[PDB]
Amino acid sequence: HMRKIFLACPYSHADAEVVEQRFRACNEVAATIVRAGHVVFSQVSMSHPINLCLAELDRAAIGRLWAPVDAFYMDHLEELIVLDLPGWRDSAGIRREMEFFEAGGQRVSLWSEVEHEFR
């Protein structure tokens, strides 16, 4: 029972420190999922370090560049876990991902609700 998890997390924020904190929080949860032996695509873990190299583009432009890339991962993974940090209900990536997985009949969970399944 090796799970294939798309791990979503709120990202964009006016305050760069908040973005960094969300990044570090997502990295820790992704680490927990990996330690438990599952496949994860931690969207923020891979994109944040890359986004730092796209400083010339603005928040909105970045979101669009990632859209078809995130879709590749959505398409090949089996369930969605949303790391429900403050601001998660206002995240663009998150609403989209929840809708995609939900409509497809796939499992969607909040980390606060399933953290116990990984320890």
# chains A, B, ... in the order shown; residues from 1 in each chain; ligands from 1

call {"tool": "residues_around", "arguments": {"residues": "residue A:98", "least_positions_apart": "6", "cutoff": "9 Å", "atoms": "only C-alpha atoms", "output": "PyMOL selection string"}}
result
chain A and resi 80-82+108-109

call {"tool": "write_last_selection", "arguments": {"atoms": "C-alpha atoms", "output": "compact mmCIF listing (two decimals), in the first residue's frame"}}
result
# COMPACT_ATOMS: atom_id res chain seq x y z
CA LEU A 80 -4.40 14.77 -2.80
CA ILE A 81 -3.30 15.92 0.60
CA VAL A 82 -3.70 19.62 1.34
CA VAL A 108 -8.77 14.46 -1.03
CA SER A 109 -7.63 15.02 2.59

call {"tool": "select_by_dssp", "arguments": {"residues": "stretch 12-102 of chain A", "states": "alpha helix (DSSP H)", "output": "VMD selection string"}}
result
chain A and resid 16 to 35 43 to 51 59 to 76 92 to 102

call {"tool": "select_by_dssp", "arguments": {"residues": "chain A", "states": "strand (DSSP E)", "output": "list in words"}}
result
residues 4, 5, 6, 7, 8, 39, 40, 41, 42, 79, 80, 81, 82, 107, 108, 109 and 110 of chain A

call {"tool": "residues_around", "arguments": {"residues": "stretch 64-72 of chain A", "least_positions_apart": "4", "cutoff": "9 Å", "atoms": "only C-alpha atoms", "output": "PDB file with C-alpha atoms, in the first residue's frame"}}
result
ATOM      1  CA  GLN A  43       4.565  21.059  -5.303  1.00  0.00           C
ATOM      2  CA  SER A  47       8.726  24.965  -7.218  1.00  0.00           C
ATOM      3  CA  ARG A  59       3.194  36.021  -8.914  1.00  0.00           C
ATOM      4  CA  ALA A  60       0.370  35.714 -11.438  1.00  0.00           C
ATOM      5  CA  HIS A  76      -0.277  10.637 -12.597  1.00  0.00           C
ATOM      6  CA  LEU A  77      -0.872  10.690  -8.822  1.00  0.00           C
ATOM      7  CA  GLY A  93      -3.471  26.172  -6.643  1.00  0.00           C
ATOM      8  CA  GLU A  97      -6.292  20.684  -7.185  1.00  0.00           C
TER       9      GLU A  97
END

call {"tool": "residues_around", "arguments": {"residues": "stretch 11-18 of chain A", "least_positions_apart": "5", "cutoff": "10 Å", "atoms": "only C-alpha atoms", "output": "PyMOL selection string"}}
result
chain A and resi 23-24+26+43-44+47-48+59-60+62-63+85+87-88+90-94

call {"tool": "residues_around", "arguments": {"residues": "residue A:28", "least_positions_apart": "4", "cutoff": "12 Å", "atoms": "only C-alpha atoms", "output": "list in words"}}
result
residues 7, 9, 21, 22, 23, 24, 32, 33, 34, 35, 42, 44, 45, 83, 111 and 115 of chain A

call {"tool": "residues_around", "arguments": {"residues": "residue A:79", "least_positions_apart": "2", "cutoff": "8 Å", "atoms": "only C-alpha atoms", "output": "list in words"}}
result
residues 3, 4, 5, 6, 77, 81, 101, 106, 107 and 108 of chain A

call {"tool": "closest_residue", "arguments": {"among": "A:10, A:51, A:29, A:36", "to": "residue A:118", "atoms": "only C-alpha atoms"}}
result
A:36
